[PDB]
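Data first, discussion second: the structure below is written as structure tokens.
Count residues from 1 along the sequence. Just the heavy atoms: all of them, side chains too, but no hydrogens, waters or symmetry mates, feed the values below.
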Amino acid sequence: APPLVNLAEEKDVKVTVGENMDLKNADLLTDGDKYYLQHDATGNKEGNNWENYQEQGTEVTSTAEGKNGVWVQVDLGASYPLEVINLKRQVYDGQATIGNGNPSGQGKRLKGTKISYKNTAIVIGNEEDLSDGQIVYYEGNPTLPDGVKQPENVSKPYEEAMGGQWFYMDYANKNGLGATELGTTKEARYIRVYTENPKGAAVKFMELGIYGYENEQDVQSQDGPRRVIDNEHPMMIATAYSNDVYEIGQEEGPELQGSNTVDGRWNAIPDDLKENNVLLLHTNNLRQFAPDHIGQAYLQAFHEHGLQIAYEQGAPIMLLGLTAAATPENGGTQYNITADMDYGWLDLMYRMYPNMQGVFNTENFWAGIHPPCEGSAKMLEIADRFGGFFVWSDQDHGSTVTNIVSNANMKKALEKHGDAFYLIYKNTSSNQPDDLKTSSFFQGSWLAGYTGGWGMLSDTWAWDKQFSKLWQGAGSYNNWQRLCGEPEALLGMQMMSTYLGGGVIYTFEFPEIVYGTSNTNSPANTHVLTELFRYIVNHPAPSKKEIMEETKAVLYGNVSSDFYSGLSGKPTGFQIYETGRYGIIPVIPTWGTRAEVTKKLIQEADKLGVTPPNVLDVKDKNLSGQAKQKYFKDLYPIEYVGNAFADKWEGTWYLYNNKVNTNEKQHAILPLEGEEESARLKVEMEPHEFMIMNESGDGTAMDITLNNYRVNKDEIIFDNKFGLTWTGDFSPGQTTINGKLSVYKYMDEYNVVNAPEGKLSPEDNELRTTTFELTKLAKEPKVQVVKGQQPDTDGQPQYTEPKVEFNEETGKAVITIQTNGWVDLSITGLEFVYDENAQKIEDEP
Ligand SMILES: CC(=O)N[C@H]1[C@@H](O[C@H]2[C@@H](O)[C@@H](CO)O[C@@H](O)[C@@H]2O[C@@H]2O[C@@H](C)[C@@H](O)[C@@H](O)[C@@H]2O)O[C@H](CO)[C@H](O)[C@@H]1O
Ligand SMILES: [Ca+2]
Ligand SMILES: [Ca+2]
Ligand SMILES: [Ca+2]
Ligand SMILES: [Mg+2]
């Protein structure tokens, strides 16, 4: 257990009241329950109806005539450093009803009249009569203990809330309501709460949480950030979705999609990569549409439970803070139990769990604009106060970033806390060609210093919108089938392109396919993600300085989707390029006027010691399409010839075949280093392959890593040879739809890395050819596999031994290999001589 605890709950406390007061059911004050839900075992429903909100609690009643004010006091049994207090009293005058929310007819919200209590005060101390009392909070005019002085600044009443009220130990910080620095404590044994009900002599106290430490040695402090996210410290996020089943008080940790667990996902990660990974707790459709009491209870219980399990395993955590515009801010939806977030609870999670790091937001604007901005503004402030971070994932059709800045509170929060805020793409709607513009916006936002970084969320839902079987269009298959169809190597190609643009966050869905099921690692995870991510961890991406230095043009405004065609590549929806010649092309959205953005970018460049790029409005005559190619070709020299993607960056060539789902070979012809400048490497690749090449520099050697890992889904998924049920319906006794269960069955039984007996190795044994032509050489070069992807349990090879043909009379050496997966090749004994016929590395006339 972490050092910050609810002492009121953990200790054997004594509860008392003043003379002429009656005390009833004292144990309810410190039972950890603020909601008194009764039907947890049946999904918080009795029949088809959500259970009512029924408020129970410790009742204190004045029996002194004409004097309704009461107090209740807790003796913790010893003096402890206290940091936070949470007080909740009866919220509703009478009983609240369950009425219509947002969206109308599905969302549910409590309705009724809320109580605003008066003459509320909180006093703590180390004498039982509190003659040494210190004021934590004071509203109205309750008579304090003898020896405790009236405070100068007095609070006014507030409306009681579902989560209660939160108090901290700095009276000068908003009269005790203002959240303090981690570890701001006062030592006390006795805690007294004063309250007067506006109607009558009785107050029901539903909970008094008193959070502190066992001793002063355990008191925490804010000594720096919880993590660094940058080119030298990249971060992979894996989403841990609730399976939508949970019961408050259950012994076992929350079940995740695909028979996964929080601890299980963490322990599946290779040890050397754990420091660059985080788990995102996502509530998914847990208690979806539920009214306030059920929503808040389940949001809190699910996240706390995940945090605790993570804490025991040493796993850092992000929480889903906001999706589907489901926020407690005015106008919010109830599409998710994030609707019932209590910002006091979110603060508590950072104080209680040292492994709590970040907040995640995605997919809001289809459902509402300003509510998710208002909520994100508050959560960004909280995250950054604790040295944490905030990630916002979305595709930008053109108004995503401008919507964010159009909200005054979010704009202001970004100005103060922007260094802890990260924008990552999300290519779910792959059929809209906004992938490349999104990356440009997000890179541009970072480059100019409005945000702390950028990155990627690649979603296999992208495949659903366009394709099915290999080389085929969507056809008439179920969407859960098409979800499974994406080539594994393509995920690596996407990672490579994000890396080259100085991206620092990497995340993938559908998690049960890309990371795995049943706490195992999937084929994608094992043979692509973990391999390439290890390269990214050990070979830092370009810094902001390096991006700035290589960038000759920055655009301003809402760049056209189709701008990239005939430049870096046609937007495919899959976040890949035809060439690396121009980089990502940073486009700064309208964070301010062109002049304001220009000044900001110049300041950022100056700070890095770099020449500022020129800023052009997207509408500039030079970017028209006739003149755009001329303008960009004059700024950025050609590096290689051919139709494959290639980028040379700091001595290393990065390549891929850039066809998403068309079976075409592509090539790249590279000028090689050394004394002989006519030296050439031609690479030819079939689709779904990426490559990293490093020359020795003296023209004698080179190392090549290639990866073209692709599982064939044609028979198992699309022909459906095992007769799985791919539909959106529930089957008898199931809380998960058939389509999902089928994905899980595929991953558990039919596509298993190192498949044990009775399970199938992945369908990955059909190999494809990569060829390398080296010219002009005097003698045959030497090739060998340093390391290669090993067989699954079926014994079938993932590569064949490389073959070298060398022609004496011409310079040409041809190296051929067949792979499905990764190999590290080493080529040595290269003796280049002058080649008058060497391919010219230049543009066409
Ligand atoms: C009902 C259901 O099973 N949903 C799962 C599914 O949800 C995603 C798909 O519906 C997809 C179709 O193209 O659209 C996505 O927006 C949707 O994502 C989910 O909902 C949005 C609002 C966000 O909260 C996302 O974080 C969330 O994933 O697939 C996801 C995983 O891709 C989950 O399993 C859902 O349970
Ligand atoms: Ca209680
Ligand atoms: Ca380059
Ligand atoms: Ca080198
Ligand atoms: Mg195999």
Side-chain angles (χ1 to χ4, degrees), residues 361-366 369 372-373 376 390-407 410-411 414-415 418-419 421-430 432-459 494 497-505 507 542 544 547-548 551 553-565 567-577 582-594 596-598 600-601 604 613 615-620 623 628:
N361 160 331
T362 189
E363 290 283 352
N364 285 297
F365 292 157
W366 65 272
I369 309 297
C373 292
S376 298
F390 194 108
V391 174
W392 189 307
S393 178
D394 265 327
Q395 190 156 273
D396 200 333
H397 193 236
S399 70
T400 297
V401 179
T402 59
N403 279 349
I404 284 161
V405 319
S406 80
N407 185 268
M410 189 63 189
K411 187 178 192 305
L414 287 160
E415 291 166 358
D419 290 354
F421 182 88
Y422 300 78
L423 284 163
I424 70 178
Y425 70 57
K426 189 167 182 293
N427 73 325
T428 306
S429 301
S430 77
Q432 299 167 283
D434 303 325
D435 56 326
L436 310 187
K437 75 187 274 164
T438 299
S439 296
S440 293
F441 288 154
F442 294 176
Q443 186 199 53
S445 290
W446 163 61
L447 195 65
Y450 293 105
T451 64
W454 81 287
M456 64 179 284
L457 191 164
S458 173
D459 192 347
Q494 296 163 327
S497 268
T498 296
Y499 169 87
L500 293 167
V504 302
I505 295 170
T507 176
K544 190 185 287 201
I547 293 298
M548 195 78 76
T551 302
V554 173
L555 274 42
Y556 169 81
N558 183 21
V559 69
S560 187
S561 276
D562 206 52
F563 176 77
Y564 304 92
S565 294
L567 280 188
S568 52
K570 184 195 159 53
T572 63
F574 288 85
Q575 315 273 178
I576 56 171
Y577 300 92
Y582 314 108
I584 303 301
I585 305 172
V587 178
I588 304 167
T590 57
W591 290 87
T593 65
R594 186 193 168 166
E596 287 178 315
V597 154
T598 300
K600 192 93 167 56
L601 180 65
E604 201 77 0
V615 177
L616 291 87
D617 194 271
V618 290
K619 296 197 299 303
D620 191 299
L623 308 176
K628 98 186 153 181

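- Between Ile584 and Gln443, the shortest heavy-atom contact is CB-OE1, 3.4 Å.
- In this structure, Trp454 and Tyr425 have tilted ring planes: the angle between them lies in the 30° to 60° band.
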Go through the steps to decide whether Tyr450 and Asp419 satisfy the test side chain to side chain contact (heavy atoms under 4.5 Å, CB included), and finish with yes or no. CA-CA 8 Å; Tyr450 293 105; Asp419 290 354; over 6 Å; no
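- Taking all atoms of both residues into account, the shortest heavy-atom contact from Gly502 to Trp446 is O-CH2, 3.7 Å.
- Residue-environment remark: NZ (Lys570) stays at or below the threshold of 12 foreign heavy atoms within 6.0 Å.
- Screening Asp396, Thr451, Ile505 for a side chain to side chain contact (heavy atoms under 4.5 Å, CB included) involving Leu423 leaves a single residue, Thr451.
- Under the 4.0 Å criterion applied to side-chain N and carboxylate O atoms, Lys600 and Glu596 are not assigned as salt-bridge partners.
- Side-chain atoms of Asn364 never come within 3.5 Å of backbone atoms of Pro372 as a donor-acceptor pair (strictly under, hydrogens ignored).
- In this structure, the side chains of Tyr499 and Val504 stay at 4.5 Å or more apart for every pair of heavy atoms.
- A donor atom on one side chain and an acceptor atom on the other are found under 3.5 Å apart for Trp392 and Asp394.
- In this structure, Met548 CE and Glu604 CD are separated by 6.0 Å, a value rounded to the nearest 0.5 Å.
- Closest heavy-atom contact between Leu436 and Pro571: CD1-CA, 3.7 Å.
- Here the OG atom belonging to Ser440 is positioned 11.0 Å from the CD1 atom belonging to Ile588, to the nearest 0.5 angstrom.
- In this structure, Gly592 and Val597 approach most closely via the heavy-atom pair N-CG2, 4.0 Å.
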Before you tell me yes or no, could you show the steps for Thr400 and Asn403 under side chain to side chain donor-acceptor pair (under 3.5 Å), namely the whole-Å CA-CA distance, both residues' side-chain angles and the distance that decides it to 0.1 Å? CA-CA 5 Å; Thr400 297; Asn403 279 349; 5.9 Å; no
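- Among all heavy-atom pairs drawn from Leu500 and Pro542, the shortest one is O-CG, 3.5 Å.
- With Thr498 contributing its side chain and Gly455 its backbone, the two residues share no donor-acceptor pair below 3.5 Å.
- In this structure, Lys437 is not positioned above the aromatic face of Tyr564 in the sense of NZ or CZ being under 6.0 Å from the six-membered ring centre and within 45° of the axis.
- Between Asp562 and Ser565, the side chains place a donor N or O and an acceptor N or O closer than 3.5 Å (distance only, hydrogens not considered).
- Considering OG of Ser568 and CZ of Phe563, their distance stands at 8.0 Å, rounded to 0.5 Å.
- Distance OG/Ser393 to CD/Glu363: 7.5 Å, rounded to 0.5 Å.
- A donor and an acceptor atom, one from each side chain of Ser439 and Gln575, are located under 3.5 Å apart.
- Between the side chains of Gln395 and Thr438, no donor-acceptor pair is found at a separation under 3.5 Å.
- The heavy-atom pair separating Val405 from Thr590 by the smallest distance is CG2-O, 3.7 Å.
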